[PDB]
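**Student:** Okay, handing you the structure first.
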Amino acid sequence: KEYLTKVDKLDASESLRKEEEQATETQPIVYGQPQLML
Amino acid sequence: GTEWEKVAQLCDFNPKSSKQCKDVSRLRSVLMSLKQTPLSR
């Protein structure tokens, strides 16, 4: 049962990994800095 | 069935142990004790 709780924590970590993937997909927005045209 | 009754009378993992630190391991132990309780006959 404790290991099943750890598996639930692993699923939460997978959700955090999906959040990191979303952050990576949004990174091109921050990468588009207008100051790079100088 | 009397051995389980003796083990309970000696060390019943009653949910009253929640007065201590709210550790997840102790919560899972209390859950296991509550799931084993129906075995008492």
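Residue numbers start at 1 in each chain; chains themselves are named A, B, ... in the order of the structure tokens; ligands are numbered from 1 in the order shown.
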Specify as a compact mmCIF listing (two decimals) with N, CA and C atoms, in the first residue's frame all residues of chain A found within 10 Å of chain B, counting only C-alpha atoms.

**Tutor:**
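Output file part_33.txt is given in full below:
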# COMPACT_ATOMS: atom_id res chain seq x y z
N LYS A 1 0.83 -1.20 0.00
CA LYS A 1 0.00 0.00 0.00
C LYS A 1 0.86 1.26 0.00
N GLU A 2 1.93 1.26 0.80
CA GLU A 2 2.87 2.39 0.77
C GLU A 2 3.53 2.51 -0.60
N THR A 5 1.14 4.19 -2.81
CA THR A 5 1.24 5.63 -2.57
C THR A 5 2.45 6.23 -3.28

**Student:** Region 4-19 of chain B: which residues within 7 Å, counting only C-alpha atoms, same-chain residues fewer than 5 positions away excluded, as a PDB file with N, CA, C and O atoms, in the first residue's frame?

**Tutor:**
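Done, and the output landed in selection_4.pdb:
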ATOM      1  N   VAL B  30      -2.453   2.454  10.129  1.00  0.00           N
ATOM      2  CA  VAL B  30      -3.800   2.522  10.689  1.00  0.00           C
ATOM      3  C   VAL B  30      -4.824   2.013   9.680  1.00  0.00           C
ATOM      4  O   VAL B  30      -5.782   1.320  10.044  1.00  0.00           O
ATOM      5  N   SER B  33      -4.608  -1.713   9.698  1.00  0.00           N
ATOM      6  CA  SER B  33      -5.245  -2.232  10.904  1.00  0.00           C
ATOM      7  C   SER B  33      -6.763  -2.206  10.778  1.00  0.00           C
ATOM      8  O   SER B  33      -7.445  -3.152  11.187  1.00  0.00           O
ATOM      9  N   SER B  40     -11.707 -10.079  12.856  1.00  0.00           N
ATOM     10  CA  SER B  40     -12.034 -10.456  14.225  1.00  0.00           C
ATOM     11  C   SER B  40     -13.387 -11.153  14.275  1.00  0.00           C
ATOM     12  O   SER B  40     -14.393 -10.623  13.793  1.00  0.00           O
TER      13      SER B  40
END

**Student:** In Å to one decimal, how far is CA of residue 4 (chain A) from CA of residue 23 (chain A)?

**Tutor:**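 Distance reported for this atom pair: 28.5 Å.
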
**Student:** In chain B, what's alpha helix (DSSP H) per DSSP? Answer as a PyMOL selection string?

**Tutor:** chain B and resi 2-11+24-36

**Student:** Next, dump the selected residues to file, keeping only N, CA and C atoms, as a PDB file, in the first residue's frame.

**Tutor:**
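Saved the output as selection_12.pdb:
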ATOM      1  N   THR B   2      -8.699 -17.315  17.746  1.00  0.00           N
ATOM      2  CA  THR B   2      -8.357 -16.730  19.037  1.00  0.00           C
ATOM      3  C   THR B   2      -6.990 -16.060  19.026  1.00  0.00           C
ATOM      4  N   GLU B   3      -6.074 -16.512  18.165  1.00  0.00           N
ATOM      5  CA  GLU B   3      -4.756 -15.890  18.095  1.00  0.00           C
ATOM      6  C   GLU B   3      -4.842 -14.450  17.607  1.00  0.00           C
ATOM      7  N   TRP B   4      -5.683 -14.183  16.604  1.00  0.00           N
ATOM      8  CA  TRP B   4      -5.872 -12.811  16.149  1.00  0.00           C
ATOM      9  C   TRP B   4      -6.500 -11.953  17.240  1.00  0.00           C
ATOM     10  N   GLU B   5      -7.425 -12.526  18.015  1.00  0.00           N
ATOM     11  CA  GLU B   5      -8.027 -11.784  19.118  1.00  0.00           C
ATOM     12  C   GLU B   5      -6.993 -11.447  20.184  1.00  0.00           C
ATOM     13  N   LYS B   6      -6.083 -12.381  20.473  1.00  0.00           N
ATOM     14  CA  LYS B   6      -5.026 -12.107  21.442  1.00  0.00           C
ATOM     15  C   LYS B   6      -4.066 -11.042  20.925  1.00  0.00           C
ATOM     16  N   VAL B   7      -3.690 -11.128  19.647  1.00  0.00           N
ATOM     17  CA  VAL B   7      -2.805 -10.124  19.062  1.00  0.00           C
ATOM     18  C   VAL B   7      -3.461  -8.749  19.100  1.00  0.00           C
ATOM     19  N   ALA B   8      -4.773  -8.694  18.858  1.00  0.00           N
ATOM     20  CA  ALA B   8      -5.489  -7.426  18.955  1.00  0.00           C
ATOM     21  C   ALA B   8      -5.505  -6.910  20.388  1.00  0.00           C
ATOM     22  N   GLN B   9      -5.852  -7.772  21.347  1.00  0.00           N
ATOM     23  CA  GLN B   9      -5.889  -7.355  22.745  1.00  0.00           C
ATOM     24  C   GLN B   9      -4.529  -6.864  23.221  1.00  0.00           C
ATOM     25  N   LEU B  10      -3.448  -7.421  22.675  1.00  0.00           N
ATOM     26  CA  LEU B  10      -2.115  -6.983  23.068  1.00  0.00           C
ATOM     27  C   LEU B  10      -1.704  -5.682  22.390  1.00  0.00           C
ATOM     28  N   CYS B  11      -1.794  -5.613  21.062  1.00  0.00           N
ATOM     29  CA  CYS B  11      -1.247  -4.482  20.321  1.00  0.00           C
ATOM     30  C   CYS B  11      -2.224  -3.956  19.273  1.00  0.00           C
ATOM     31  N   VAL B  24       2.748   9.622   7.059  1.00  0.00           N
ATOM     32  CA  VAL B  24       2.007   8.824   6.089  1.00  0.00           C
ATOM     33  C   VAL B  24       2.172   7.332   6.340  1.00  0.00           C
ATOM     34  N   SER B  25       3.332   6.908   6.848  1.00  0.00           N
ATOM     35  CA  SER B  25       3.529   5.496   7.158  1.00  0.00           C
ATOM     36  C   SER B  25       2.597   5.046   8.275  1.00  0.00           C
ATOM     37  N   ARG B  26       2.447   5.869   9.314  1.00  0.00           N
ATOM     38  CA  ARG B  26       1.524   5.533  10.392  1.00  0.00           C
ATOM     39  C   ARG B  26       0.077   5.568   9.916  1.00  0.00           C
ATOM     40  N   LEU B  27      -0.246   6.465   8.981  1.00  0.00           N
ATOM     41  CA  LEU B  27      -1.591   6.483   8.414  1.00  0.00           C
ATOM     42  C   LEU B  27      -1.874   5.207   7.630  1.00  0.00           C
ATOM     43  N   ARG B  28      -0.901   4.744   6.841  1.00  0.00           N
ATOM     44  CA  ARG B  28      -1.083   3.494   6.111  1.00  0.00           C
ATOM     45  C   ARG B  28      -1.168   2.307   7.063  1.00  0.00           C
ATOM     46  N   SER B  29      -0.417   2.348   8.167  1.00  0.00           N
ATOM     47  CA  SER B  29      -0.524   1.291   9.168  1.00  0.00           C
ATOM     48  C   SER B  29      -1.899   1.278   9.826  1.00  0.00           C
ATOM     49  N   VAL B  30      -2.453   2.454  10.129  1.00  0.00           N
ATOM     50  CA  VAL B  30      -3.800   2.522  10.689  1.00  0.00           C
ATOM     51  C   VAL B  30      -4.824   2.013   9.680  1.00  0.00           C
ATOM     52  N   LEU B  31      -4.636   2.340   8.399  1.00  0.00           N
ATOM     53  CA  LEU B  31      -5.540   1.836   7.369  1.00  0.00           C
ATOM     54  C   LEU B  31      -5.473   0.316   7.271  1.00  0.00           C
ATOM     55  N   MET B  32      -4.265  -0.248   7.339  1.00  0.00           N
ATOM     56  CA  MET B  32      -4.124  -1.700   7.303  1.00  0.00           C
ATOM     57  C   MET B  32      -4.757  -2.344   8.531  1.00  0.00           C
ATOM     58  N   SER B  33      -4.608  -1.713   9.698  1.00  0.00           N
ATOM     59  CA  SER B  33      -5.245  -2.232  10.904  1.00  0.00           C
ATOM     60  C   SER B  33      -6.763  -2.206  10.778  1.00  0.00           C
ATOM     61  N   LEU B  34      -7.311  -1.131  10.206  1.00  0.00           N
ATOM     62  CA  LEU B  34      -8.756  -1.048  10.021  1.00  0.00           C
ATOM     63  C   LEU B  34      -9.251  -2.058   8.994  1.00  0.00           C
ATOM     64  N   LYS B  35      -8.440  -2.361   7.979  1.00  0.00           N
ATOM     65  CA  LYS B  35      -8.824  -3.374   7.002  1.00  0.00           C
ATOM     66  C   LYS B  35      -8.695  -4.786   7.561  1.00  0.00           C
ATOM     67  N   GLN B  36      -7.800  -4.989   8.530  1.00  0.00           N
ATOM     68  CA  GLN B  36      -7.652  -6.299   9.155  1.00  0.00           C
ATOM     69  C   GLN B  36      -8.667  -6.511  10.273  1.00  0.00           C
TER      70      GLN B  36
END

**Student:** In Å, rounded to a single decimal, give me how far CA of residue 23 (chain B) is from CA of residue 8 (chain A).

**Tutor:**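 Between these atoms lies a distance of 16.7 Å.
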
**Student:** Using Å and a single decimal, report how far CA of residue 10 (chain A) sits from CA of residue 24 (chain A).

**Tutor:**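 Computed distance, CA of residue 24 (chain A) to CA of residue 10 (chain A), equals 20.6 Å.
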